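Before I ask anything, let me first share the structure, which is written out below as structure tokens.
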Amino acid sequence: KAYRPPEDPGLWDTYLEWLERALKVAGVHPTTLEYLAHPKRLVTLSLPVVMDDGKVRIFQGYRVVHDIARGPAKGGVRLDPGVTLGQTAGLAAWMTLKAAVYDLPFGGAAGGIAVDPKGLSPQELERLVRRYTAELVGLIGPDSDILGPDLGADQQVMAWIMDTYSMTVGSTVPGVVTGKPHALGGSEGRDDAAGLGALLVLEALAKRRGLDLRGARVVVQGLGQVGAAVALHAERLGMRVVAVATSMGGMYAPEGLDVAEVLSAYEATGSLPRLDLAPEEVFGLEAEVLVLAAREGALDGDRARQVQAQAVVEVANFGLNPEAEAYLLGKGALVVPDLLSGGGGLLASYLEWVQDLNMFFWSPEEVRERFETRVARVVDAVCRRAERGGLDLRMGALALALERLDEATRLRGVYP
Amino acid sequence: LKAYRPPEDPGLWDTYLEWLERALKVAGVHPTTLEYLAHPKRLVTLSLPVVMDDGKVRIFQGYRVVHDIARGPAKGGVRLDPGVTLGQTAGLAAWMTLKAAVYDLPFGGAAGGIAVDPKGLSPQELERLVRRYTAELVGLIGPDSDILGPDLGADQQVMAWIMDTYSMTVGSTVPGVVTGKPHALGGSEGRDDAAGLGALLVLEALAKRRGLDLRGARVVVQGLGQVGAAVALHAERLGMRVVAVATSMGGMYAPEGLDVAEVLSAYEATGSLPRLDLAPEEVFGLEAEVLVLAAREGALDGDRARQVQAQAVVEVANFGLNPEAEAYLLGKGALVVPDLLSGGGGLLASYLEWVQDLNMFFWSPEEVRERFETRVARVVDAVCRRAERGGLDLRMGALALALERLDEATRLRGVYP
Amino acid sequence: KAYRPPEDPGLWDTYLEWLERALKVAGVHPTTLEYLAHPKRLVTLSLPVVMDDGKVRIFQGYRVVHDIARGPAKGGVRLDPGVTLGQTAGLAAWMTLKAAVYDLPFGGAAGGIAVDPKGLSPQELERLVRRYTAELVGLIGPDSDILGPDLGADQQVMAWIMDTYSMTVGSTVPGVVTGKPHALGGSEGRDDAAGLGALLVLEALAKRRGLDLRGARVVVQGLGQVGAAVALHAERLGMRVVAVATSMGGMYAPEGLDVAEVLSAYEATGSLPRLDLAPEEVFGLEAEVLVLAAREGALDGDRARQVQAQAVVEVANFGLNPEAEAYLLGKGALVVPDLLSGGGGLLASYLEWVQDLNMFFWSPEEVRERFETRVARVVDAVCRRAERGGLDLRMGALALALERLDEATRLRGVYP
Amino acid sequence: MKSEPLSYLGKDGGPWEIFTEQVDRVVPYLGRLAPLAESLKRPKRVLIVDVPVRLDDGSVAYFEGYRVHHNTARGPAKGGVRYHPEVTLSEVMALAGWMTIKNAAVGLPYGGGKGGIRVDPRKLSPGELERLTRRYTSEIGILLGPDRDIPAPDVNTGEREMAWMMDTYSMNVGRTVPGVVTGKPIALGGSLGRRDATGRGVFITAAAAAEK
Amino acid sequence: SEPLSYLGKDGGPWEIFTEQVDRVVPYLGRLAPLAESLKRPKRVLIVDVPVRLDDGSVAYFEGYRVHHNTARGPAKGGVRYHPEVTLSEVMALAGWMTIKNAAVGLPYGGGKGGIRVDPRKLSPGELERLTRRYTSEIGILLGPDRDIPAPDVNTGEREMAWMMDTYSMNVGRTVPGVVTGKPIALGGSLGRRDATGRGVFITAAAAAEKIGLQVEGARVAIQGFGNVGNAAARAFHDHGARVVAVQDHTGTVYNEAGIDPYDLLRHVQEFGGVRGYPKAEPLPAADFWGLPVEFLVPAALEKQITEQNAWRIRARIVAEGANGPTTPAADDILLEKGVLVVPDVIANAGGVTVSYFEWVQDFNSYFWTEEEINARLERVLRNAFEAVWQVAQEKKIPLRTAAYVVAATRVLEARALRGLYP
């Protein structure tokens, strides 16, 4: 029935597991299921770079387009030692679903290069990124495959993608990549969208189910752009951020941290002002809200037994695995899945693309407002669907995505 | 040596790597060239959906690998076979880089394939599959980027569908995107009976060179497709005794010589030889002067090589002869003709098809023959020349020749982007 | 009447001046005239290059396309600190004429970069050359404007042009540039054709005026690719090469020189073995043949008085001043013009391009034939047009070239 | 110099004549623009294409298809596609003419275009109907584009056919181009508000008159 | 699958083409089901061509470009400027190019264009603006690998130059091979003026061999002394055959001792025709047909050989220089008398063979000498005749029918191999 990655199937197999469960609760045509279970195109590149010492080293990278039923392929780029074909495939498929949950006219895609970005000089990294985008010029574009940011790939990387592509093609093409700097056709909203989204989603779901949020305690797992934003917004909306954690451990304040102060220190020193918690203890604190805002696999089945939170908010893709979700659901926890919370990065990227395509840029105010309207709509649709089939949030989102994918796929049909 | 690692089925690639590294020791290859040689430019895996006869979609898996294009646009055959993997396609694409280089052609190396049993689909399913494979590749192929060609399970009819699908997508008659076409479509003459004709041309030159005669030499042809049939056929007209032919089912043996007309006729009509004398693996051990490997890869391994009695072994199929079996046969004194040399007929013929399609001007059967023969001879003499220059066997002289032409092209063009 | 170059009008004015003289002897319609007196376009490029020390330096480059009536633009690339827009125009216009003389399906073009190539690292030069061709890709191509070798730009430069064009455009396109290495679709061989061609022309002209080439003495001014080749072939053709010369002075031997041995010492050290002569004493030597193979303006009116050659062969474009030519023709010398004796490299390039397009290459001996019979054909045509008009060689060539340019231009008409 | 009526219709006298007559009745009111009127009586482009289709029974049927660009001055050609056994060239020309008019009357930045296939869709299987739409879409490919010509539904076509056209084109071109046709399903870049537009429009213009 | 509704019931020349396709089906074998495809032009593009006239007013002209069939390569065929140019006509003519292109073995499908204009009513400037606008309008069809126009009725070197320039400027590249019939200066071919006449000889000579007929000392009768006629004449003369009779629209001259074509030509150039040629005797127009000769070359109007004259023809071989010089009734009569008719489709295909050579040379602007041209000309026409002869014997049918069979077979084989897609 399904594509089998030869390297590293974890994320892909997780996608297949959710897909198989969702099939039982949505109307899906066989032919749709076929497409959803075999990615369109998986491509592996060899990337020559002339190193600082003048010797040529070859890096390995990937771009996978999973499924384009709903529109052009959209997907991030990872610069990380752990990148593999199987991971990129899994992430591409997750993207098809995410985008479909968000009612976005995007197919799913993902890319990456096996490299430690810190281990290269900026010149070597810029060269590596340019060779990547050069080798992809004929397969990407503002209506083929739109790239964006992901692990180890910041706004400066996006700048280099955009530039390389634009110089190659002889035209200025902002819409080839998202997550760009403001100076280069990026959007105000925002590259702190992941975090705000997570919270707009959360607040919307608590309003619906009588959960009181002003003065609720939040633990945030992870402190990159995503976690920082989660923490800042959670505080703005009147919650107590009692903990933030990195991979070295966590900081704890039963009264709630001074978020901006803690983040000032983290940016300035590259460390939390103090470390109350071991990395293990983070999940086991007494709180209302636990936020998974770091990396895949963060919360497994064993660790789920630690969790004391009423709400668990998956923001990182695959932050909690199926086994932890079943357990936490069995305990009466509200589990907010990645497909919903933190589709915020993707929605912003979309609003970036729309703006780039007709070269007219909304105010920070106007972006915010279109951004909020759309997350409130996505939460509504997912809940309406969950309720009609009496399913949990993830399943509702899944069934929604699948129904939408099935429409685009059956209407378009098989061709060539 | 740091090289690309295929995740699945790395056998053919690994062999290529072995040979690269041996040849590295005897040819001047700069480090950058070596890096390019050890990592394919691009490996593409495709999901190929197809509406089957029943109306159900089934998805197939296909591959397109461009290894290295220093010396010109990529050239690469297309395989339709149940054992097609990314690993083996990688290995074949790199082999193309070297082969092209040995034959001095302005081509880089590519290969493609789909993991399919062609005899198991209907004519319409097969056609739809080949078209989809081509449409998926349109932006990545073409007469000056990646030029497709035939291989296992891929007919002149398949080449036609490739030419047609491309041409209809791109909105122009473009015969030069694929080779091995029907004569009617921009194909060249009669060849491909070229693989076999070439094999024998190489043998004949190598013999007139080391003062042997083939008048009445006994030949064992392992394989009877396009390639083997022509070998058998051409061996017979040069007055050799073809004592056995062998398919994947077994072999027919006549110590006095087979009527190659009779055996081919039966096989073409029925898929069997008139009689089965030997199980397929017994055919290598036969008392003959010449052994021709004209089937698939890995036909003659290390131990079965201990059985060979033949003095000359001609490897026509890519990797027909394992490296462990080449060492042994060299030890024992046998003449071993490598694929890079004797498996180069199809590629040369394809190049001549391509050249004609560039200006849509077609030479006569005899002009094609003449130009084919002189290039084979130039290539045989060039390989022999580089071999005796450095005291090498044929394989190694061939590899040396290829590496230095690849190195020259790589160094001149440089790294860009 | 007439484009005015903003600076360095010299070579354009000379071209203009010859055109004015040839109009009185040739059927040319006003429209043709207008076209020939105004280059189609003149491109000045800024060429950013990240230098070895990491700081950015901008160079200035040019591409001029003169007239395109007979076919796509063909023309060289100079890398020389003397390169200007005015110089480039003049040369682009000269190509137009020289191609028409050789009856080639080319229009004329030229280009340069203002740089001393010897003062850059090979790395820096690669970047400069690559930026030049990248900036140009939308204005060049195999049926558009075909580039080629010229001052300070050899086979390795042409390779980088080629590689740069092909990588950008995304397919392999040997036809965008000529004078490539054999490995990349150049040959066969030469590089050595400009000198060969020069001698072939002198041969057929000597045979026609009754003149000893049998053991006659030759002086070659200039020892770059062209002069080295002239000298080399002059010796093997059984001429006695009494002198060679560079921008440093001249090596002299009255019974002949060992030429291979001299180019060996020159290629080794960058200087001649012995210096018997001052850089201007070379012209006045006792020999039957003076060959001009260095640079434009090599022989002035004054220096021509000292010449006792009976044959003066102008190989370098504009090697021989208008005024030196008039005097030598008055004395009765055979004066062979650049337009005729300087087309070897152009012819070889044409032949090279034909094969590239076809992607099929002739044997060394097939090239030779085709080359040789073409030189003979154009020598014949220049003389036939000379004879009928009662003209010297230059004027004959000029009127023949003008007539072909007139024919192509009036047939095509004005459009858009 | 006189511009003779179109030779390719026959000395009759049908839907194209009714359109040119409408052009004629308008010429007294055109002022300095009058001499240009002739151009309105001239389609820019008429493409007649053969649309072959493998039927379910495995045989090949051949259908007549048309794509006409009447006028292209205000913008790209816009007009639907009709599938009807009694469709003629001259009918499609006329309709393409009326689209030039209708588009200008509301000031949309469009020229006018129309297409037609001479076929009874009732008589085709859904599978054959699809291969018909795909082949037609390939054949008029050289015309198509969001900045060139944008087809749409008409008699016997709708969402389904527009979905196939959009798909065929996008696959043929290697990118997703929703705007190559209109009247698509919402799932493919359709618009909200398609069902009530014309009725509401009737009201809006009636009210605008009441206002006056 | 019903007949083309945009012709109405008013078939005419297209039905003539269509009937000829019908007549060939019996010979198609397993290709016969595909025969219908030949009755359908791939595409028809009708364009408005607006021209700013010298007085400043705008005139509008209907133009046509028809791609009849594309199985064997890009469309190829000339463009005609005639006030009676109709859609039906261009279509029929595109059809005949598919046939002719295949019979001779060129890698081309069939095409044709026309503008409905009387070029005589237009100034050189207007004809230019007409030409350039037509070629911009059909620009979406043109290209060296898509469609290659050529001269036809009232067009020539002058218009082709204009088409090439326009296409080249429009596209920003110089592309000599987008059209043929260009002047040499712009990338035309040597050998064009005599190609058709020469080819009549080449085909007649190939026919001659099949029947043991010596060319040397053979007597030749030729009708028409234009480009084809006199080219055939010289080609016959320079191989040792005697021209004994030429017929013109001005009269008929006859001389059993031979007429020297180069001398007849000076007289025809001087006086407009053959009448009163000093070195021959006048001959009654009807007696021309019944002359005892080995070779007869009708190279003028169509239908010159009819019911009314066929029975008197003593020639062993008729080689058609003109299009359709002989009627079906005459076909049947000459078939009964045992005279070989070399049909026009191959017999006069020299013109179009040289056009193809021009196009080959244009790919890399590398030009053949005249002797190379004629050498390859021979190769193509001898091969085409040999294949027509082969099928006539196999199928027991006349050369004319064999030629269409070869053509239609080659087209349909290419369609069958490529298959139906999309």
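Think of it as A, B, C, D and E in the order they're written, each chain with its own count starting at 1.
One rule holds in what follows: a contact is a pair of C-beta atoms (placed from the backbone, for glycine too) under 8 Å apart; a residue touches a chain by one contact, two chains touch by 3 or more.
Chains and their UniProt names: A, B, C, E = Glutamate dehydrogenase.
*Asks:* Taking touch as defined above, what minimum step count separates chain C (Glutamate dehydrogenase) and chain D?
*Replies:* So the least number of steps between the two chains is 2.
*Asks:* Taking every chain's C-alpha mean, which one sits closest to the mean of all protein C-alpha atoms?
*Replies:* Central chain: B.
*Asks:* Could you work out how far the Cα centre of chain B (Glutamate dehydrogenase) sits from that of chain D, in whole Å?
*Replies:* It comes to 52 Å between the two C-alpha centres.
*Asks:* Indicate the whole-number Å distance between the mean C-alpha point of chain D and the mean C-alpha point of chain E (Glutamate dehydrogenase).
*Replies:* One centre to the other, that is 39 Å.
*Asks:* Where the centres are mean C-alpha positions, what is the separation of chain A (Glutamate dehydrogenase) from chain D, in Å?
*Replies:* 43
*Asks:* Mind checking the centre-to-centre distance between chain A (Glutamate dehydrogenase) and chain E (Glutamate dehydrogenase)? Centres are C-alpha means, answer in whole Å.
*Replies:* Whole-Å distance between the two chain centres: 68.
*Asks:* Counting only residues that touch at least 2 other chains, which ones in chain E (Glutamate dehydrogenase) make the list?
*Replies:* Residues 363-364, 422 of chain E (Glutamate dehydrogenase) touch two or more partner chains.
*Asks:* For chain C (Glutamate dehydrogenase), write out the residues touching at least two other chains, lowest number first.
*Replies:* Within chain C (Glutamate dehydrogenase), residues 167, 170, 357-358 contact more than one other chain.
*Asks:* Could you list, by residue number, the parts of chain B (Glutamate dehydrogenase) that touch chain A (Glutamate dehydrogenase) in their complex?
*Replies:* Spelled out, the residues of chain B (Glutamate dehydrogenase) in touch with chain A (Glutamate dehydrogenase) are 2, 4, 7-8, 31-32, 35-36, 38-47, 49-51, 56-59, 61, 86, 131-132, 135-136, 139-140, 165, 415, 417.
*Asks:* If you look only at chain D, which of its residues touch chain E (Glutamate dehydrogenase) in the complex?
*Replies:* Answer in residue numbers: 1, 3, 6-8, 10, 35, 38-39, 42-50, 52, 54, 59-64, 88-89, 118, 134-135, 138-139, 142-143, 168.
*Asks:* How about chain A (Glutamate dehydrogenase): which of its residues touch chain C (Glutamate dehydrogenase) in the complex?
*Replies:* Residues in contact with chain C (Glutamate dehydrogenase): 134, 137-138, 167-168, 170.
*Asks:* Chain E (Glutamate dehydrogenase) touches which residues of chain B (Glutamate dehydrogenase) in the complex?
*Replies:* Chain B (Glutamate dehydrogenase) reaches chain E (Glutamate dehydrogenase) through residues 127, 131, 157, 160-161, 163-165, 168, 171-174, 182, 184-186, 358-362, 364.
*Asks:* Chain A (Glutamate dehydrogenase) touches which residues of chain D in the complex?
*Replies:* 130, 134, 159-160, 163-164, 166-168, 171, 174-178, 185, 187-189
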